[PDB]
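Before any comments, here is the structure.
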Amino acid sequence: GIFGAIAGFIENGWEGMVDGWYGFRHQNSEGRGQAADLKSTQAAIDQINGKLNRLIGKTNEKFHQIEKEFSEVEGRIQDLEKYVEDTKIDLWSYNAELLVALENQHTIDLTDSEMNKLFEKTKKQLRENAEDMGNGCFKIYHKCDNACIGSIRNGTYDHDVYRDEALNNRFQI
Amino acid sequence: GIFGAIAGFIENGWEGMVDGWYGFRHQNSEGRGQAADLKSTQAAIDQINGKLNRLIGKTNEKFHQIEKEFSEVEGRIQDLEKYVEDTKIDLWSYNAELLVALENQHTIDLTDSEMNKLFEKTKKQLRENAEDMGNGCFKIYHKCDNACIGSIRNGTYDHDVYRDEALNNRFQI
Amino acid sequence: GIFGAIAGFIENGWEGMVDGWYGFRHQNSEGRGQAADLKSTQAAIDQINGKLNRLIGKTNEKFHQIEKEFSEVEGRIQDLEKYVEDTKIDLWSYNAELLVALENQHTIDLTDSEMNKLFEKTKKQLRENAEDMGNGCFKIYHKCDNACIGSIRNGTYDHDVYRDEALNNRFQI
Amino acid sequence: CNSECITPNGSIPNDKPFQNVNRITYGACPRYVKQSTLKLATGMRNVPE
Amino acid sequence: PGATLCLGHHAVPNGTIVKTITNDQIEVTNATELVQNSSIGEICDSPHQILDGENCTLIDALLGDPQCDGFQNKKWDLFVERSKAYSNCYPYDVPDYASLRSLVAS
Ligand SMILES: *[C@@H]1O[C@H](CO)[C@@H](O[C@@H]2O[C@H](CO)[C@@H](O[C@@H]3O[C@H](CO)[C@@H](O)[C@H](O)[C@@H]3O)[C@H](O)[C@H]2NC(C)=O)[C@H](O)[C@H]1NC(C)=O
Ligand SMILES: *[C@@H]1O[C@H](CO)[C@@H](O[C@@H]2O[C@H](CO)[C@@H](O)[C@H](O)[C@H]2NC(C)=O)[C@H](O)[C@H]1NC(C)=O
Ligand SMILES: *[C@@H]1O[C@H](CO)[C@@H](O[C@@H]2O[C@H](CO)[C@@H](O)[C@H](O)[C@H]2NC(C)=O)[C@H](O)[C@H]1NC(C)=O
Ligand SMILES: *[C@@H]1O[C@H](CO)[C@@H](O)[C@H](O)[C@H]1NC(C)=O
Ligand SMILES: *[C@@H]1O[C@H](CO)[C@@H](O)[C@H](O)[C@H]1NC(C)=O
Ligand SMILES: *[C@@H]1O[C@H](CO)[C@@H](O)[C@H](O)[C@H]1NC(C)=O
């Protein structure tokens, strides 16, 4: 939520993208297509799995304790045993509630972060050869086939190659 | 603080804006004016009300417990009751201290976030028709009356209408 | 990590920068040089010292408590004393582990944040006179001596002085 | 009168999550803490003219 | 000519200082108190059933000290013992007084 991409300037997600968490949809003179971006996707997963690594399968061994159920009324000593237990249960129950709320806020936010970073990296790569349409898409002001499109995705796009062409188109009258 | 808008590139807040948390001040050929942005304001309020919902009116019922004041010295049993109570109180006292500091950092940061988003959304809307002066304000390189200004605020500004006009002004010699 | 500057578009840190945490490296017709930015460094330091202030030298006084070691087997009363202490110990131990993980996450991110802000501030100052090369560096499209570079760092750079020059260079064919 | 939370000092409103009135309580009560005040931000940072 | 458009945020003249993770005193636009620090000084009789012990301890009402005859067979959610309470029958003690008192209270 906090970076404002996911559920923000990105209107919604793409249900037809089943091979990654983040990616690219393009349109050009040969048609329109889609490809997942591996690095951003993996980055998000690694952080979530890190949370999982701290939380899953990490239980503490406890052995002989105090009794916690009682068949006879006894008073003072029984009051104390039960209260200790009730007190313990409430604090652990508290930590867990807080933990989940906190982990969940940070997870929506970290995923929002990864989408935005991918946007920014892409934004920067195109230099003066593209403009931000405001909804996560870029208008590319030059002919850009799949190989061209592939180069952006592959991080090998050479902005200098297209610049004259792109500039003429942007700044036409 | 963490996004760097509020108490950052936004030099300060506007005390005369009392009908919203975020908004626009403009200057043009017909004058200068101010209007709150409802959507961003509501976004900030909603998250804060969400925190309150977890915190306000949510107390736990407790009934018979242990005694906590004592008129006679008794030794072993009384030390434990007191120790149990002090321990509980210290832990609850910790969570509360931790809760508020954490909530407050997140609240300042999320509000900073919403301001930046509004800046970002607005920045994107204007395309090549405006430039960022660096202090949260944009210089718009064309005549832009109230209807024009209203359109930016209203999210209906058509960058294409003014582009020729704006570009000539930006890239003059 | 979350803003994507540190360990992100900034390929790495500079070990040779020993008089600040953030700063500038430049190259121009008179050479290439380095200067720390004092304000951003201090901003990061100030936030970290604040955490330390909550944590360092702030211990709680405790006096007479319960016994915690025992030379004889006693059963019910002894089980409870031990259980009370173990329970206490486990909860304090939990808060600390969580505290450090949380504090550490926020510190890397806040430091990432400060780096990004300095980049963003710098980006705005240069207006249309520079382009983002995508790795935290700007290509400046005009002659820029030490005094020129110094002015950017010092926040007194006048984009109007160089704008005509820069535009001719940027928008060449 | 009508109040969910009773302490030896008297009944207290139970809207707040915490309280420093008395460690002794009965009913739907805020949890006792040592602080006399804990202020939760309900607005952004204030940066006056 | 053209125009200028500035983005900004509100502020108030009477902000309140709260503590955060990185600074113990930062001014914000508004805050709320999370610690209840006062009582009205009386115990409300609703919605819980209150039984005022007056001159009688729980144990004395139990045993049937004559001045506690009014308490016979009554129920309570919360029994309130007054510091002014006193016994006025045959002098007595209760081994583990606190437990009996407790079990009856509960
Ligand atoms: C600064 O912020 C506080 C808190 O956001 C504002 O307090 C608001 O005051 C009203 C009236 O007391 C509260 O209404 C009450 O709500 C509780 C539970 O929600 C309900 O049980 C009561 O019957 C009553 O209706 C309200 O909760 C509270 N705002 C919120 C959202 O918590 C205060 O107005 C602000 N101060 C200024 C000057 O802006
Ligand atoms: C609620 O009652 C308790 C108990 O009477 C009060 O605690 C006393 O506070 C005074 C003032 O500092 C101390 O001198 C006494 O030692 C305390 N008494 C005991 C037995 O702890 C407390 O002040 C009351 N709370 C409020 C908010 O009125
Ligand atoms: C509880 O017992 C006390 C003590 O005997 C009673 O206090 C007396 O009240 C009467 C009537 O006002 C006075 O004339 C006496 O001076 C008081 N005696 C003492 C020793 O103080 C009190 O009335 C009883 N309380 C209730 C509610 O039954
Ligand atoms: C990236 O582009 C290069 C240049 O064509 C190509 O050879 C290579 O297959 C691409 N790399 C990946 C991993 O897609
Ligand atoms: C947005 O545009 C519509 C269509 O002209 C207009 O009726 C409406 O008043 C505008 N909204 C605001 C609040 O300016
Ligand atoms: C910033 O530039 C101004 C104008 O020359 C000068 O007065 C000041 O010394 C400079 N600041 C630093 C620290 O270089």
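Chains L, R, D, Y and C, in that order, give the protein sequences. Residue numbers for the first sequence follow PDB author numbering, beginning at 1 and rising by one. Residue numbers for the second sequence follow PDB author numbering, beginning at 1 and rising by one. Residue numbers for the third sequence follow PDB author numbering, beginning at 1 and rising by one. Residue numbers for the fourth sequence follow PDB author numbering, beginning at 277 and rising by one. Residue numbers for the fifth sequence follow PDB author numbering, beginning at 9 and rising by one. Ideal Cβ placement from N, Cα and C applies to all residues, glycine included.
- Cβ-Cβ separation between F9 (chain L) and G136 (chain L): approximately 6 Å, consistent with a contact (criterion under 8 Å).
- Look at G150 (chain D) here: in three-state DSSP terms it is helix.
- C-alpha of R163 (chain R) to C-alpha of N129 (chain R): approximately 6 Å in a straight line.
- Short note on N129 (chain R): C-beta not closer than 7 Å to any heavy atom of ligand 5.
- Not a single unbroken stretch of the beta strand (DSSP E) spanning 3 or more residues falls wholly within the segment 38-121 of chain L.
- Sorting R:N154, R:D79, R:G155, R:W92 by C-alpha distance to the C-alpha of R307 (chain Y) places R:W92 at the top.
- Rounded to whole angstroms, the gap between the alpha carbons of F138 (chain R) and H159 (chain D) is 15 Å.
- Around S29 (chain R), the beta-carbon contacts reaching into chain C at under 9 Å are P9, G10, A11.
- A residue is called buried once 16 or more other Cβ atoms fall within 10 Å of its Cβ, and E131 (chain L) is buried on that count.
- The DSSP-derived three-state label of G13 (chain L) is coil.
- Of all residues in the segment 61-79 of chain L, those with a C-beta nearer than 9 Å to a C-beta of chain C are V73, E74, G75, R76, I77, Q78, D79, reading in chain order.
- Pairing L102 (chain R) with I29 (chain C) gives a Cβ-Cβ distance under 8 Å.
- Every residue whose beta carbon comes nearer than 5 Å to a heavy atom of ligand 4 appears here in chain order: L:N154, L:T156.
- A direct Cα-Cα distance of roughly 12 Å separates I56 (chain D) from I48 (chain D).
- Proximity of the beta carbon of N63 (chain C) to ligand 3 is indicated: a heavy atom of the ligand is located closer than 7 Å.
- Two segments are said to touch when three or more pairs of C-beta atoms, one from each, lie closer than 8 Å; by this definition the segment 35-55 of chain R does not touch the segment 44-58 of chain C.
- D86 (chain R) and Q105 (chain L) have their alpha carbons spaced roughly 32 Å apart.
- A contact is defined here as three or more CB-CB pairs under 8 Å, and the segment 284-296 of chain Y meets this definition with respect to the segment 53-67 of chain R.
- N322 (chain Y) sits away from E89 (chain C), with the two beta carbons spaced by 8 Å or more.
- Looking at the DSSP output, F79 (chain C) bridges to nothing.
- Burial is judged here by how many other beta carbons sit within 10 angstroms of a residue's own beta carbon; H64 (chain D) has fewer than 16 and is exposed.
- In this structure, ligand 2 has no non-hydrogen atom nearer than 7 Å to the beta-carbon of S71 (chain R).
- No Cβ of chain C is located within less than 8 Å of the beta carbon of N53 (chain R).
- Against chain D, a Cβ distance below 7 Å from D132 (chain R) picks out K124.
- With respect to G10 (chain C), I140 (chain R) sits close: the two C-beta atoms are nearer than 8 Å.
- Minimum Cα-Cα distance from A317 (chain Y) among the listed residues R:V161, R:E15, R:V100 corresponds to R:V100.
- The beta carbon of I108 (chain R) is closer than 7 Å to those of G1 in its chain, skipping five residues each way along the sequence.
- Residues of chain R whose Cβ lies closer than 7 Å to the Cβ of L91 (chain L) are, in chain order, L91.
- Taking a contact as a CB-CB distance under 8 Å, the pair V112 (chain C) and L71 (chain C) does not count as one, their CB atoms being some 11 Å apart.
- Close CB contacts of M133 (chain R) within its chain, under the 6 Å cut and outside five residues either way in sequence, are with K139 (chain order).
- For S46 (chain C), the distance from the CB to the nearest heavy atom of ligand 2 is below 7 Å.
- Interface residue (Cβ-Cβ distance to chain Y less than 8 Å): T107 (chain R) is classified as such.
- Not a single heavy atom of ligand 1 lies less than 7 Å from the C-beta of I173 (chain L).
- Contact of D68 (chain C) with chain L by beta-carbon distance below 9 Å is absent, the smallest such distance being about 18 Å.
- The nearest non-hydrogen atom of ligand 2 is less than 7 Å from the C-beta of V297 (chain Y).
- The count of Cβ pairs closer than 8 Å, one atom from the segment 18-37 of chain R and one from the segment 110-120 of chain R, reaches three, so the stretches are in contact.
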